[PDB]
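Undergrad: Please find the sequence and an experimentally derived structure below.
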Amino acid sequence: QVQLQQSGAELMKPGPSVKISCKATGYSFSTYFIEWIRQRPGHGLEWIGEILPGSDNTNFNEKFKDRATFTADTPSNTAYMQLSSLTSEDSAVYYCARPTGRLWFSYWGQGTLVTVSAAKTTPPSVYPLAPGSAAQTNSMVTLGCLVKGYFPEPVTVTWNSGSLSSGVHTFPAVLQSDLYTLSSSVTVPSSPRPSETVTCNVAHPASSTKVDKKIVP
Amino acid sequence: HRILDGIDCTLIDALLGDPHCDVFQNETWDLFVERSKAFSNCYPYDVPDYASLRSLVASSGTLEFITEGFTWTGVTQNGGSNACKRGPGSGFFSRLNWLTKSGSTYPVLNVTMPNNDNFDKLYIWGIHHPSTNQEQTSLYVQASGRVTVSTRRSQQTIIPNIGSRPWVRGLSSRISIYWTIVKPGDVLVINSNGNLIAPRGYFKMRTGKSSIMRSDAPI
Amino acid sequence: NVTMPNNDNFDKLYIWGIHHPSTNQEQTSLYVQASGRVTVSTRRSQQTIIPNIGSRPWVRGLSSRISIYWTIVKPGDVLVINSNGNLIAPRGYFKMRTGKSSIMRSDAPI
Amino acid sequence: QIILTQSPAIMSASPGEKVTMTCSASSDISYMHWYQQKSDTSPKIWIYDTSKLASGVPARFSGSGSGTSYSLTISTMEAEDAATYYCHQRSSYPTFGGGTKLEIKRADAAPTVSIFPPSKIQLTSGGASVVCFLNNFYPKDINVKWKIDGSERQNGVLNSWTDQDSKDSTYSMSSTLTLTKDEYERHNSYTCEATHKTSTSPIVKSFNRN
Ligand SMILES: *[C@@H]1O[C@H](CO)[C@@H](O[C@@H]2O[C@H](CO)[C@@H](O[C@@H]3O[C@H](CO)[C@@H](O)[C@H](O)[C@@H]3O)[C@H](O)[C@H]2NC(C)=O)[C@H](O)[C@H]1NC(C)=O
Ligand SMILES: *[C@@H]1O[C@H](CO)[C@@H](O[C@@H]2O[C@H](CO)[C@@H](O[C@@H]3O[C@H](CO)[C@@H](O)[C@H](O)[C@@H]3O)[C@H](O)[C@H]2NC(C)=O)[C@H](O)[C@H]1NC(C)=O
Ligand SMILES: *[C@@H]1O[C@H](CO)[C@@H](O)[C@H](O)[C@H]1NC(C)=O
């Protein structure tokens, strides 16, 4: 029942501050410290700090002192972290976690992607990747979708609303002139396709975009 | 004082061996502290007179288990359920043995275990109440099970009750937990022709300055 | 096998019961099966009562009885009654309050 | 502050292969905690208090240490163990290791290639991205000759790859050629050629028009 639900991903310009939230449920909020750790691409895990809700004994890692601000609301059972004066160096995934005194009981949040940039958010353009004809290798047909030009991360693709959850390959997106492009493949038996359905469900929350491209010939 | 914090577990679940609680196997304490939002995530169950089992265990001050070699001739020992996932697959209370039929036969089980020690033993057992009549026969064959547990002077017979219940962790059937203390020189005898959730050993009992406290205070 | 959820913000008190027929005929004449059963439960407790056939001191002309039971259902919980005979079903719930009330056995004139 | 230099940085092992990774503190600690991390998921506590396993962690895992050096050993690698393992000192302002990528090794497999053309849709906007999917191959060492063989002068090609899967253990990749609609429409056929260990002869899928 323990669950730390974290706020959605962010995008704050260089210099301001982002405020991440983490709602705890499944355990008495005021009993354990809620700690904050981040994941900068190719850097490992960096301990930011922690707070004991209801006492607010907060302990910062020197590096984030008076930069980082820990607060926690009891009625809502939500702890918060505010990092101000951002640099691209603070772009990362921030997890909150209740490890207690006995790590057999540790629980980390899903993560909050904080993107630090001047760039404006752009919706994605999802294109259908269907085969032309020459499909000699027709054991199972591999189709795909191309989500081009969106900012920032993330976007999420899916095939047949969670049904086609097997031979799917969603590749890490690439950042072109401050705009992202990604693609995902789907493999289905050559039988259930030529004149069937198969649709890719792309979603870019950053801009309230939801596109479902049906892959047609 | 030895303060042992229950965290997400309640003494009872640490006792029965709910997987998320297995971390308390063999713990001792002067004061076991129970948190307000602790939860159970294993086979749905109930403890007729839960307050007493909790109290006596809370006072025994120890979860020291001792596995004994019960012999359950002709029934399939160790039955898990997905409601008590032990890791990625099905599991069950680490301290109980879910006995079910082998092949197409659930024979009358009548075993015994003597207390040759110098101390009292605490046996935790239980009975399974199937949701529907099919399940009953599918599991224990006979249409009406019975669990009779006794020492030389007391006795307890529990008949299971078939019926639907609020879905919990996907199941609408239950387990009812019971206990039997066996004094030195005495002997335990379990007899059942169906629906037994067999014990695996005994917890040792102590009399000391222990107890339990419901608190959300940070240690 | 019916159910009724407590979607309210308060505890509910369900009063129910089981009927014990005087003789085996009455049992089958009334509920058909030869052995009834009343299983009432919420998400964490449960109660199963099997009726007991037999004569009893005649009272108001009857030698059979009803045994009364209750089940409190906390908000967010749900009640489920399952029975294949002998149930004296509830009709609703009484609301529960915590106050300064009580009862007194007295023959004093108010 | 109590810097953990957990360092077999990458590891390639075969099923049944014993594995052992070390982590060292830049001072002295009492217990080491190990978090496992597979892709796109939060770390999971794997081994706490130096040697105790968290719930569910298979028995083939164990941990030890007592001073500066600590370790995480695996009796016999399984495909499911390919993850990233971090060490975690808690003896002050907690710190974590840099991790150890635990990659399994499996029998080589050729890349399942498929190429696609700039959909009319994308084309209507004046852009043409020709994508090529090289899926489920092994080892991760692959070669994609985009720029149509002969004319093959790589330039407008972005590349990407998945990390090792844990059941299939293979690797996959997606290459994309992006041109300026009409320039795309001013050229022959488009060919995506791929060269991998499995063969000397590069796999080629192609479309010939526009
Ligand atoms: C007796 O009546 C009770 C209550 O009507 C029945 O219990 C219900 O069993 C169904 C099984 O379909 C449960 O459905 C499950 O619901 C959960 C939550 O909505 C969801 O995770 C599953 O997708 C599934 O639909 C239902 O919740 C449950 N309701 C209650 C109060 O327990 C029971 O099946 C009945 N038996 C018969 C023979 O009528
Ligand atoms: C089992 O034994 C009991 C007791 O012997 C039987 O109860 C008796 O049932 C008779 C029915 O004839 C009752 O008779 C009624 O008596 C009242 C008061 O005298 C009167 O209003 C009626 O005119 C009628 O005669 C009798 O009182 C009652 N006695 C008791 C203690 O309950 C019961 O019938 C027996 N069943 C069998 C199968 O023997
Ligand atoms: C608990 O203690 C007993 C008695 O000393 C021992 O035999 C038993 O196996 C221990 N259980 C664990 C989990 O170590």
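TA: Ah, there it is. Numbering: from 1, shown residues only, chains lettered A, B, ... in the order given. Ligands and ions are numbered 1, 2, ... in the order given.
Undergrad: Give the full set of residues in contact with residue B:17.
TA: Neighbouring residues of residue B:17 by CB atoms under 8 Å, 6 or more residues apart in numbering or on different chains: B:25, B:93-96. For the C-beta atoms, the positions are set from N, CA and C on the backbone; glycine is no exception.
Undergrad: Against residue D:19, how distant is the residue in chain D positioned nearest to chain C?
TA: Scanning chain D for the residue nearest chain C gives residue D:55, at 23.8 Å (criterion: CB to the nearest CB). Between residue D:55 and residue D:19 the distance is 22 Å, computed by CB to CB, to the nearest Å.
Undergrad: Specify which residue of those two has the higher count of neighbours.
TA: The residue with more neighbours, out of residue D:55 and residue D:19 and counting by other CB atoms under 10 Å in any protein chain shown, is residue D:19; that gives 20 against 16.
Undergrad: tell me the contacts of the more buried one?
TA: Contact partners of residue D:19, counting by CB under 8 Å, 6+ apart, are D:11, D:13, D:73-74, D:77, D:81, D:102.
Undergrad: can you list the domains in chain A?
TA: Under curated CATH domains, the residue ranges defining each domain of chain A are A:1-118, A:119-217.
Undergrad: Just the terminal-to-terminal distance for the last one.
TA: Criterion CA to CA, to the nearest Å; first-to-last residue distance in domain A:119-217 is 36 Å.
Undergrad: From the chain's centroid, how far away is the lengthiest helix in chain B?
TA: Among the elements of chain B assigned as helix by DSSP state H, the one spanning the most residues is helix B:50-60. Between the centre of helix B:50-60 and the centre of its host chain there is 14 Å, according to CA atoms, centre = their mean, to the nearest Å.
Undergrad: in the next helix or strand after it, what counts as buried?
TA: Next along the chain after helix B:50-60, taking DSSP states H and E as the criterion, comes strand B:65-67. Applying a neighbour-count criterion of 16 or more other CB atoms under 10 Å in any protein chain shown, the buried positions in strand B:65-67 are residue B:65.
Undergrad: After strand B:65-67, which helix or strand is next?
TA: Helices and strands here follow DSSP H and E; after strand B:65-67, the next one along the chain is strand B:75-76.
Undergrad: who does that following strand pair up with?
TA: As defined by DSSP bridges, the strand partners of strand B:75-76 come to strand B:100-101 (antiparallel).
Undergrad: Now do the next helix-or-strand element following the strand it pairs with: distance to the chain's middle.
TA: Reading on from strand B:100-101 to the C-terminus, the next helix or strand found by DSSP H and E is strand B:109-114. For strand B:109-114, the distance between its averaged C-alpha position and the chain's averaged C-alpha position is 17 Å (CA atoms, centre = their mean).
Undergrad: tally of neighbours for residue 23?
TA: All of this refers to chain A. Residues near residue A:23, counting by other CB under 10 Å, number 18.
Undergrad: meant chain D, my bad for not saying
TA: Look at residue D:23: counted by other CB under 10 Å, it has 29 neighbours.
Undergrad: in the helix or strand encompassing it, what's buried?
TA: Secondary structure here is read from DSSP H and E; on that basis residue D:23 sits in strand D:19-25. Within strand D:19-25, the residues that qualify as buried by neighbour count (16+ other CB under 10 Å) are D:19, D:21-25.
Undergrad: on that earlier part again, so which of the contacts of residue D:19 comes closest to ligand 1?
TA: Comparing these against ligand 1 with CB to the nearest ligand atom places residue D:81 closest, at 32.1 Å.
Undergrad: list the contacts for that closest one?
TA: So, once contact is read as CB under 8 Å, 6+ apart, residue D:81 ends up touching D:19, D:60, D:74, D:102, D:104.
Undergrad: How much space separates the nearest residue to the first one once chain neighbours are set aside from residue D:100?
TA: So the one you mean is residue D:19. Leaving aside its chain neighbours, residue D:19 sits nearest to residue D:74 (4.1 Å; criterion: CB to CB, 6 or more residues apart in numbering or on different chains). From residue D:74 across to residue D:100, the span is 11 Å (CB to CB).
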